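Chemist: Just passing along the structure, written as structure tokens.
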Amino acid sequence: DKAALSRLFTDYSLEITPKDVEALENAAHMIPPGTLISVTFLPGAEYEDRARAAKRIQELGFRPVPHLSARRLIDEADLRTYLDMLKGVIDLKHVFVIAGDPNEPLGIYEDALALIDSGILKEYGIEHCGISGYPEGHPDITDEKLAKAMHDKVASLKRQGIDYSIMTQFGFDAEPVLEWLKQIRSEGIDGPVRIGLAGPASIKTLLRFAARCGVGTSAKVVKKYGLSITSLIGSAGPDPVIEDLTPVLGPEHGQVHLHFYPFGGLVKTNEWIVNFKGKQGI
Ligand SMILES: Cc1cc2nc3c(=O)[nH]c(=O)nc-3n(C[C@H](O)[C@H](O)[C@H](O)COP(=O)(O)OP(=O)(O)OC[C@H]3O[C@@H](n4cnc5c(N)ncnc54)[C@H](O)[C@@H]3O)c2cc1C
């Protein structure tokens with residue numbers, strides 16, 4: 001259905017790392033102006049690397065969304081270093097706040113709530129704060145703690161007058177995404193959601209990131225998505241999830257868009273998006 005597919009693909013977003021600025025310039029011509037492009041907060045980059053990438057996103061006509069990784073920050077002064085530097089070069093209106101992967105925080109922020117609820121985002125004029133969602137749960141956090149954190153972060157942003165959205169962990173199956181969308185809307189969370197999708201990539205790369213991010217690969221999912229090490233193709237794209245979601249999304253799911261992780265490369269990911277949309281007639 002072209003209508004349901006166009007709604008899902010409306011205002012789709014991208015993630016880049018600070019190492020991807022040249023690839024972004026090579027892909028920019030394929031990217032709709034104003035596209036939201038997030039910037040990871042992971043080891044191997046300094047603040048100026050991250051700010052440079054955010055500034056390039058804006059200059060190319062897109063909207064940067066810097067990630068803030070709470071457990072990777074020492075103190076408020078450390079976080080302000082990054083926010084000050086961002087604010088001087090970009091229209092700092094959108095951030096995405098996560099706890100961060102280390103099992104031990106480096107500083108005063110134990111999780112995304114600690115950062116969000118400190119007030120620092122309002123002080124810098126942030127209007128939109130994204131938070132995480134895990135349709136398949138999390139290897140180190142209970143479903144209960146995941147749900148309470150979502151509630152508490154939403155309540156904190158509501159208290160502060162800052163809009164929120166959710167971007168989900170990528171997955172290889174539409175069923176847990178559809179069931180989790182029901183659960184969170186049943187729990188009162190009605191804000192916009194972006195379903196994370198792994199871009200087209202080699203099966204080895206997909207299994208690698210999936211293992212490193214704790215994303216499940218059951219036997220039935222390996223068969224349906226096409227993630228066998230015996231594959232004759234050797235690569236896989238997210239069309240099986242998209243084609244399973246598109247007929248089944250309805251009004252009760254609220255606003256539901258897509259977020260692509262370009263694990264196979266940014267140019268390759270955007271080519272796939274353009275070609276997929278063309279094949280489907282949207
Ligand atoms: C879209 C998306 C983007 C991401 N981007 C980044 C990124 O740029 N950089 C990065 O470092 N990580 C990133 N992550 C990963 C994220 O940091 C980890 O999944 C982390 O383990 C959980 O973060 P969270 O914000 O979901 O946790 P929160 O919602 O802040 O925490 C949920 C609950 O679990 C508790 N908790 C938090 N961490 C742990 C832990 N390790 N063990 C036990 N309890 C815990 C919290 O106190 C809270 O009670 C991203 C994840 C997603 C889905």
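The way I read the labels, and the way they are meant: chains A, B, ... in the order of the structure tokens, residue 1 as the first residue of every chain, and ligand 1 as the first ligand shown, with later ones counted on from there.
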Which residues, written as a ChimeraX atom specification, have at least one atom at most 12 Å from residue 121 in chain A, with only C-alpha atoms counted and residues fewer than 4 positions away on the same chain left out?
Modeler: /A:68,76,79-80,83-84,87,92-97,112-117,125-130,156-157,160-163
Chemist: Counting only C-alpha atoms and all ligand atoms, which residues of chain A sit at most 8 Å from some atom of ligand 1, and what is each one's closest atom pair with its distance in Å to one decimal, listed by chain and rising residue number, as CSV?
Modeler:
residue,atom,partner,partner_atom_place_in_ligand_line,distance
A:39,CA,ligand 1,8 (O),7.1
A:40,CA,ligand 1,8 (O),3.8
A:41,CA,ligand 1,8 (O),4.0
A:42,CA,ligand 1,9 (N),4.8
A:43,CA,ligand 1,11 (O),7.9
A:67,CA,ligand 1,8 (O),5.2
A:68,CA,ligand 1,8 (O),6.8
A:69,CA,ligand 1,9 (N),5.2
A:70,CA,ligand 1,30 (O),7.8
A:71,CA,ligand 1,11 (O),7.7
A:72,CA,ligand 1,11 (O),7.2
A:96,CA,ligand 1,3 (C),7.7
A:97,CA,ligand 1,25 (O),6.4
A:98,CA,ligand 1,25 (O),3.2
A:99,CA,ligand 1,23 (O),4.0
A:100,CA,ligand 1,17 (O),2.9
A:101,CA,ligand 1,17 (O),4.4
A:102,CA,ligand 1,41 (N),6.1
A:103,CA,ligand 1,41 (N),4.3
A:104,CA,ligand 1,41 (N),7.0
A:110,CA,ligand 1,47 (O),6.0
A:111,CA,ligand 1,30 (O),3.9
A:112,CA,ligand 1,30 (O),3.7
A:113,CA,ligand 1,30 (O),5.7
A:114,CA,ligand 1,30 (O),7.9
A:131,CA,ligand 1,25 (O),6.4
A:132,CA,ligand 1,53 (C),4.6
A:133,CA,ligand 1,53 (C),5.8
A:134,CA,ligand 1,53 (C),6.6
A:138,CA,ligand 1,19 (O),7.2
A:140,CA,ligand 1,42 (N),4.9
A:141,CA,ligand 1,44 (N),4.9
A:142,CA,ligand 1,34 (O),7.5
A:145,CA,ligand 1,49 (O),5.0
A:146,CA,ligand 1,32 (C),4.8
A:147,CA,ligand 1,32 (C),7.9
A:148,CA,ligand 1,49 (O),7.0
A:149,CA,ligand 1,32 (C),5.0
A:150,CA,ligand 1,29 (O),6.2
A:153,CA,ligand 1,29 (O),7.7
A:167,CA,ligand 1,1 (C),5.0
A:168,CA,ligand 1,53 (C),5.0
A:169,CA,ligand 1,53 (C),3.9
A:170,CA,ligand 1,53 (C),7.3
A:196,CA,ligand 1,1 (C),6.9
A:213,CA,ligand 1,19 (O),7.2
Chemist: For each of A:16, A:200, A:270, A:250, take the minimum atom-to-atom distance to residue 32 in chain A, counting only C-alpha atoms, then give the residue where this is smallest.
Modeler: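 For residue 32 in chain A, the nearest of the candidates is A:270.
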Chemist: Return as an NGL selection string the full set of residues in range 33-111 of chain A whose backbone-based DSSP assignment is alpha helix (DSSP H).
Modeler: :A and (47-59 or 76-87)
Chemist: Expressed in Å to a single decimal, how great is the separation between CA of residue 227 in chain A and CA of residue 206 in chain A?
Modeler: 7.9 Å
Chemist: Determine, counting only C-alpha atoms, which protein, DNA and RNA residues have an atom within 9 Å of an atom of residue 86 in chain A; residues of the same chain fewer than 2 positions away are not included. Present the result as number ranges by chain.
Modeler: A: 47-48, 50-52, 54-55, 66, 81-84, 88-92
Chemist: Would you write out those residues with N, CA, C and O atoms, as an mmCIF file, in the first residue's frame?
Modeler:
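Now in result-v5.cif:
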data_model
loop_
_atom_site.group_PDB
_atom_site.id
_atom_site.type_symbol
_atom_site.label_atom_id
_atom_site.label_comp_id
_atom_site.auth_asym_id
_atom_site.auth_seq_id
_atom_site.Cartn_x
_atom_site.Cartn_y
_atom_site.Cartn_z
ATOM 1 N N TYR A 47 35.187 16.037 21.321
ATOM 2 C CA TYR A 47 34.062 16.954 21.134
ATOM 3 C C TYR A 47 34.168 17.707 19.819
ATOM 4 O O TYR A 47 33.160 17.873 19.117
ATOM 5 N N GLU A 48 35.377 18.161 19.449
ATOM 6 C CA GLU A 48 35.481 18.945 18.221
ATOM 7 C C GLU A 48 35.205 18.097 16.989
ATOM 8 O O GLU A 48 34.708 18.624 15.986
ATOM 9 N N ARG A 50 32.971 15.649 16.977
ATOM 10 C CA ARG A 50 31.522 15.497 16.966
ATOM 11 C C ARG A 50 30.839 16.786 16.532
ATOM 12 O O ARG A 50 29.907 16.757 15.717
ATOM 13 N N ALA A 51 31.310 17.928 17.051
ATOM 14 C CA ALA A 51 30.727 19.214 16.681
ATOM 15 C C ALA A 51 30.951 19.526 15.206
ATOM 16 O O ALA A 51 30.078 20.105 14.545
ATOM 17 N N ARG A 52 32.124 19.165 14.673
ATOM 18 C CA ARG A 52 32.401 19.385 13.257
ATOM 19 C C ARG A 52 31.409 18.630 12.389
ATOM 20 O O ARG A 52 30.911 19.164 11.391
ATOM 21 N N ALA A 54 28.360 17.613 13.300
ATOM 22 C CA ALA A 54 27.045 18.215 13.441
ATOM 23 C C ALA A 54 26.937 19.466 12.582
ATOM 24 O O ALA A 54 25.918 19.680 11.915
ATOM 25 N N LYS A 55 28.001 20.281 12.564
ATOM 26 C CA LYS A 55 28.012 21.506 11.767
ATOM 27 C C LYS A 55 27.927 21.200 10.277
ATOM 28 O O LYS A 55 27.215 21.890 9.539
ATOM 29 N N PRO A 66 22.681 15.669 17.967
ATOM 30 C CA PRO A 66 23.804 15.091 18.725
ATOM 31 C C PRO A 66 23.311 14.132 19.807
ATOM 32 O O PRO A 66 22.402 14.460 20.576
ATOM 33 N N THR A 81 31.004 21.712 28.189
ATOM 34 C CA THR A 81 32.014 21.837 27.134
ATOM 35 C C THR A 81 31.438 21.458 25.771
ATOM 36 O O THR A 81 31.584 22.199 24.789
ATOM 37 N N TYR A 82 30.742 20.320 25.710
ATOM 38 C CA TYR A 82 30.172 19.838 24.449
ATOM 39 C C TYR A 82 28.969 20.679 24.017
ATOM 40 O O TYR A 82 28.864 21.076 22.850
ATOM 41 N N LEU A 83 28.057 20.982 24.947
ATOM 42 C CA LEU A 83 26.886 21.774 24.590
ATOM 43 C C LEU A 83 27.281 23.184 24.169
ATOM 44 O O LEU A 83 26.732 23.728 23.203
ATOM 45 N N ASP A 84 28.213 23.804 24.898
ATOM 46 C CA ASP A 84 28.694 25.124 24.491
ATOM 47 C C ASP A 84 29.238 25.079 23.070
ATOM 48 O O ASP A 84 28.928 25.948 22.239
ATOM 49 N N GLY A 88 27.440 26.987 19.653
ATOM 50 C CA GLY A 88 28.114 28.020 18.885
ATOM 51 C C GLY A 88 28.131 27.790 17.389
ATOM 52 O O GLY A 88 28.395 28.741 16.641
ATOM 53 N N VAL A 89 27.849 26.566 16.930
ATOM 54 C CA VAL A 89 27.952 26.244 15.512
ATOM 55 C C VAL A 89 26.669 25.696 14.904
ATOM 56 O O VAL A 89 26.543 25.703 13.669
ATOM 57 N N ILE A 90 25.721 25.186 15.685
ATOM 58 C CA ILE A 90 24.483 24.653 15.137
ATOM 59 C C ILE A 90 23.298 25.227 15.905
ATOM 60 O O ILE A 90 23.429 25.733 17.021
ATOM 61 N N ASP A 91 22.136 25.178 15.253
ATOM 62 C CA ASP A 91 20.840 25.465 15.852
ATOM 63 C C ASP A 91 20.493 24.297 16.764
ATOM 64 O O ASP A 91 19.889 23.310 16.329
ATOM 65 N N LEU A 92 20.914 24.389 18.020
ATOM 66 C CA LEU A 92 20.853 23.273 18.965
ATOM 67 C C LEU A 92 19.422 23.147 19.487
ATOM 68 O O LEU A 92 19.063 23.656 20.554
#
Chemist: When distances are computed from only C-alpha atoms, which of A:73, A:274, A:120, A:181 shows the smallest separation from residue 251 in chain A?
Modeler: A:181
Chemist: Name the residues of range 56-151 of chain A that come out as strand (DSSP E) in a backbone DSSP run; write them as a PyMOL selection string.
Modeler: chain A and resi 63-69+94-98+128-133
Chemist: I need the chosen residues saved as a PDB file, in the first residue's frame, with C-alpha atoms.
Modeler:
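Result file out36.pdb:
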ATOM      1  CA  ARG A  63      19.129  18.864  10.922  1.00  0.00           C
ATOM      2  CA  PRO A  64      21.751  17.492  13.350  1.00  0.00           C
ATOM      3  CA  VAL A  65      20.762  15.501  16.424  1.00  0.00           C
ATOM      4  CA  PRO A  66      23.804  15.091  18.725  1.00  0.00           C
ATOM      5  CA  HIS A  67      23.670  12.059  21.006  1.00  0.00           C
ATOM      6  CA  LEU A  68      24.536  12.666  24.651  1.00  0.00           C
ATOM      7  CA  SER A  69      25.836   9.553  26.416  1.00  0.00           C
ATOM      8  CA  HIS A  94      17.268  18.411  18.970  1.00  0.00           C
ATOM      9  CA  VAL A  95      19.333  16.027  21.094  1.00  0.00           C
ATOM     10  CA  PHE A  96      19.141  12.307  21.778  1.00  0.00           C
ATOM     11  CA  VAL A  97      20.042  11.252  25.337  1.00  0.00           C
ATOM     12  CA  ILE A  98      21.095   7.733  26.332  1.00  0.00           C
ATOM     13  CA  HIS A 128      13.156  18.101  21.277  1.00  0.00           C
ATOM     14  CA  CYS A 129      14.763  15.294  23.256  1.00  0.00           C
ATOM     15  CA  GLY A 130      14.844  11.772  21.861  1.00  0.00           C
ATOM     16  CA  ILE A 131      15.060   8.713  24.130  1.00  0.00           C
ATOM     17  CA  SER A 132      15.593   5.012  23.554  1.00  0.00           C
ATOM     18  CA  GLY A 133      13.148   2.172  23.106  1.00  0.00           C
TER      19      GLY A 133
END
Chemist: For residue 243 in chain A, work out the shell of residues within 9 Å, counting only C-alpha atoms and skipping chain neighbours fewer than 5 positions away, then give it as a ChimeraX atom specification.
Modeler: /A:5,174,238
